[PDB]
Amino acid sequence: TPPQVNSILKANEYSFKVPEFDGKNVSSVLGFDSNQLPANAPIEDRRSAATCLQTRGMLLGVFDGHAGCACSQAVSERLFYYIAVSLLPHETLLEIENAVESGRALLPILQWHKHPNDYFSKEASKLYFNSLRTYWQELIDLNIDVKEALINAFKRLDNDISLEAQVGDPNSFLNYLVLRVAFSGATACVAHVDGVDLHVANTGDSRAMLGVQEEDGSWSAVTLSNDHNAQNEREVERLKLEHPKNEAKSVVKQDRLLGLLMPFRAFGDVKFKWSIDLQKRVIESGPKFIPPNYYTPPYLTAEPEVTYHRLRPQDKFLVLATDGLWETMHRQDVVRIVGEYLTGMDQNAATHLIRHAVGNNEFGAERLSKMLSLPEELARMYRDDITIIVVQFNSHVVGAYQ
Ligand SMILES: [Mn+2]
Ligand SMILES: [Mn+2]
Ligand SMILES: [Mn+2]
């Protein structure tokens, strides 16, 4: 039914609006819309959005999980904390560690903007907090480039995931959870926006795209991330020269890392990072396939490619999305749809994008009822998990920067 279509499409619909100060719109970001449509019964995509409280920037992110949702969920809830901590000066690190030790009031780090369906891990909260505390203690003892902060946050979260999987936990559920997190994988495409400065750290084949309105009113897509997959020449060459000459033919086979992985960068997936001996010892330690040509590991990295963009008055919005969207529509179509929607040319841009992606026959927003009527088993035969965040910028505030 049409109203059933609306009920299913709007189930995960979410919107946030940056509050006005003194009755005026003062942020470079007006707000954002986000939505998810699953293809797998337990959806393996994740979305996240928060505002830094000790620093000013806002973080938004999409994460495409595979081999389960454990790693996508973990990254969804931890990466922003790692980034925030990496962005803090020594003064705030000291204050946080002192409040932790002396048991005083904890300084707040992030204000999350999460749909009710989105959740944190209750059972792992203490483990995650302990790991992040170790991280910021190391940062203290080691005593502000945003690009390098993002890179180091990504790398440290991945390394902590590996170490936690190795360490286990006395609680059986926690012990199996750390292993599930390390053994599954997740992409991560994250935007950090501080006034007019926009950084995009990308790890995998999710994508961020800027919508730019030209002087004539037409719309144009500007890429802010490079899909890390077989179609990326620089990525294939990077993989090639990261290993000896004998492996130039096997590092990428059938457009896959070692003939297996579609994304060439991701969190978790320790099967492509750990040594054969470490994998064997961990598998036999408690609660199995070694990739082919696994000679000089690691082969996979979570380290992101970081792009920087100074927002301009013509930069109207930014679309973060998993490949569940980008595989369905051309970039130009995505940005044209979103721009026409936001210019009043559905009360949620991401929901409208989903409506187009699923119910499309040369852009006719029909088969939507048929596609949304399919159960878990057949849904993944026609579509992938779809996750979208549309951030709308405040062009007046952006132009105020000059
Ligand atoms: Mn996936
Ligand atoms: Mn996907
Ligand atoms: Mn439409």
# chains A, B, ... in the order shown; residues from 1 in each chain; ligands from 1
call {"tool": "residues_near_ligand", "arguments": {"ligand": "ligand 2", "cutoff": "10 Å", "atoms": "only C-alpha atoms and all ligand atoms", "output": "ChimeraX atom specification"}}
result
/A:39,44-45,63-66,186-187,205-206,262-263,321-327,383-387
call {"tool": "residues_around", "arguments": {"residues": "stretch 103-110 of chain A", "least_positions_apart": "4", "cutoff": "8 Å", "atoms": "only C-alpha atoms", "output": "number ranges by chain"}}
result
A: 50-54, 81, 84-85, 95-96, 98-99
call {"tool": "residues_around", "arguments": {"residues": "residue A:259", "least_positions_apart": "3", "cutoff": "10 Å", "atoms": "only C-alpha atoms", "output": "MDAnalysis selection string"}}
result
chainID A and resid 250:256 262 291:293
call {"tool": "select_by_dssp", "arguments": {"residues": "stretch 195-273 of chain A", "states": "strand (DSSP E or B)", "output": "list in words"}}
result
residues 197, 198, 199, 200, 201, 202, 203, 207, 208, 209, 210, 211, 212, 213, 219, 220, 221, 222, 223, 252, 253, 256, 257, 261, 265, 267 and 268 of chain A
call {"tool": "write_last_selection", "arguments": {"atoms": "C-alpha atoms", "output": "mmCIF file, in the first residue's frame"}}
result
data_model
loop_
_atom_site.group_PDB
_atom_site.id
_atom_site.type_symbol
_atom_site.label_atom_id
_atom_site.label_comp_id
_atom_site.auth_asym_id
_atom_site.auth_seq_id
_atom_site.Cartn_x
_atom_site.Cartn_y
_atom_site.Cartn_z
ATOM 1 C CA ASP A 197 36.984 23.988 6.550
ATOM 2 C CA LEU A 198 35.710 20.606 5.324
ATOM 3 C CA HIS A 199 37.877 17.494 5.593
ATOM 4 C CA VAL A 200 36.803 14.117 4.208
ATOM 5 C CA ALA A 201 38.639 11.002 5.411
ATOM 6 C CA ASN A 202 37.698 8.002 3.276
ATOM 7 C CA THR A 203 38.506 4.319 3.840
ATOM 8 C CA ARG A 207 31.782 8.027 -1.098
ATOM 9 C CA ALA A 208 31.352 11.699 -0.230
ATOM 10 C CA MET A 209 30.202 14.152 -2.895
ATOM 11 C CA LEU A 210 29.745 17.925 -2.846
ATOM 12 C CA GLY A 211 26.785 19.528 -4.585
ATOM 13 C CA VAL A 212 27.754 22.789 -6.282
ATOM 14 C CA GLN A 213 25.233 25.107 -7.934
ATOM 15 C CA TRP A 219 24.015 21.417 -10.465
ATOM 16 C CA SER A 220 27.457 19.814 -10.493
ATOM 17 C CA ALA A 221 29.011 16.976 -8.500
ATOM 18 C CA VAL A 222 32.474 17.496 -7.002
ATOM 19 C CA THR A 223 34.158 14.371 -5.675
ATOM 20 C CA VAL A 252 44.633 -7.761 -7.050
ATOM 21 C CA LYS A 253 42.878 -10.560 -8.944
ATOM 22 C CA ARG A 256 39.518 -8.010 -5.609
ATOM 23 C CA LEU A 257 42.234 -7.820 -2.975
ATOM 24 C CA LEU A 261 37.874 -8.312 -0.835
ATOM 25 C CA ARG A 265 40.681 -0.285 2.581
ATOM 26 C CA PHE A 267 38.535 -1.576 9.382
ATOM 27 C CA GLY A 268 38.763 -5.053 10.854
#
call {"tool": "select_by_dssp", "arguments": {"residues": "stretch 232-321 of chain A", "states": "helix (DSSP H, G or I)", "output": "PDB file with C-alpha atoms, in the first residue's frame"}}
result
ATOM      1  CA  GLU A 233      44.300   3.050 -10.666  1.00  0.00           C
ATOM      2  CA  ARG A 234      46.377   4.759  -7.976  1.00  0.00           C
ATOM      3  CA  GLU A 235      45.036   2.315  -5.381  1.00  0.00           C
ATOM      4  CA  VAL A 236      45.924  -0.730  -7.486  1.00  0.00           C
ATOM      5  CA  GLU A 237      49.446   0.626  -7.982  1.00  0.00           C
ATOM      6  CA  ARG A 238      49.769   1.397  -4.259  1.00  0.00           C
ATOM      7  CA  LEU A 239      48.838  -2.206  -3.491  1.00  0.00           C
ATOM      8  CA  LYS A 240      51.312  -3.397  -6.131  1.00  0.00           C
ATOM      9  CA  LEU A 241      54.390  -1.562  -4.866  1.00  0.00           C
ATOM     10  CA  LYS A 245      57.682  -7.667  -7.584  1.00  0.00           C
ATOM     11  CA  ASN A 246      56.612 -11.324  -7.535  1.00  0.00           C
ATOM     12  CA  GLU A 247      53.189 -10.307  -6.167  1.00  0.00           C
ATOM     13  CA  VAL A 270      42.260  -9.037  10.217  1.00  0.00           C
ATOM     14  CA  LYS A 271      42.294 -12.039   7.868  1.00  0.00           C
ATOM     15  CA  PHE A 272      44.013  -9.643   5.441  1.00  0.00           C
ATOM     16  CA  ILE A 276      49.200 -16.581   9.355  1.00  0.00           C
ATOM     17  CA  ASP A 277      50.676 -17.630  12.699  1.00  0.00           C
ATOM     18  CA  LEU A 278      48.751 -14.997  14.668  1.00  0.00           C
ATOM     19  CA  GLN A 279      45.526 -15.992  12.904  1.00  0.00           C
ATOM     20  CA  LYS A 280      46.122 -19.665  13.700  1.00  0.00           C
ATOM     21  CA  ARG A 281      46.942 -18.939  17.347  1.00  0.00           C
ATOM     22  CA  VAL A 282      43.885 -16.717  17.830  1.00  0.00           C
ATOM     23  CA  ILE A 283      41.481 -19.131  16.122  1.00  0.00           C
TER      24      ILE A 283
END
call {"tool": "residues_near_ligand", "arguments": {"ligand": "ligand 3", "cutoff": "12 Å", "atoms": "only C-alpha atoms and all ligand atoms", "output": "PyMOL selection string"}}
result
chain A and resi 333-342+344-365
call {"tool": "closest_residue", "arguments": {"among": "A:146, A:59, A:188, A:9", "to": "ligand 1", "atoms": "only C-alpha atoms and all ligand atoms"}}
result
A:188
call {"tool": "closest_residue", "arguments": {"among": "A:16, A:75, A:185, A:154", "to": "ligand 1", "atoms": "only C-alpha atoms and all ligand atoms"}}
result
A:185
call {"tool": "atom_distance", "arguments": {"atom1": "atom CA of residue A:303", "atom2": "atom CA of residue A:58"}}
result
20.5 Å
call {"tool": "closest_residue", "arguments": {"among": "A:328, A:226, A:395, A:373", "to": "residue A:315", "atoms": "only C-alpha atoms"}}
result
A:395
call {"tool": "residues_around", "arguments": {"residues": "residue A:133", "least_positions_apart": "3", "cutoff": "10 Å", "atoms": "only C-alpha atoms", "output": "count of residues only"}}
result
14
call {"tool": "atom_distance", "arguments": {"atom1": "atom CA of residue A:77", "atom2": "atom CA of residue A:135"}}
result
16.0 Å
call {"tool": "atom_distance", "arguments": {"atom1": "atom CA of residue A:380", "atom2": "atom CA of residue A:47"}}
result
19.4 Å
call {"tool": "closest_residue", "arguments": {"among": "A:122, A:331, A:273, A:288", "to": "residue A:174", "atoms": "only C-alpha atoms"}}
result
A:122
call {"tool": "closest_residue", "arguments": {"among": "A:43, A:142, A:88, A:132", "to": "ligand 1", "atoms": "only C-alpha atoms and all ligand atoms"}}
result
A:43
call {"tool": "closest_residue", "arguments": {"among": "A:24, A:113, A:249, A:46", "to": "ligand 1", "atoms": "only C-alpha atoms and all ligand atoms"}}
result
A:46
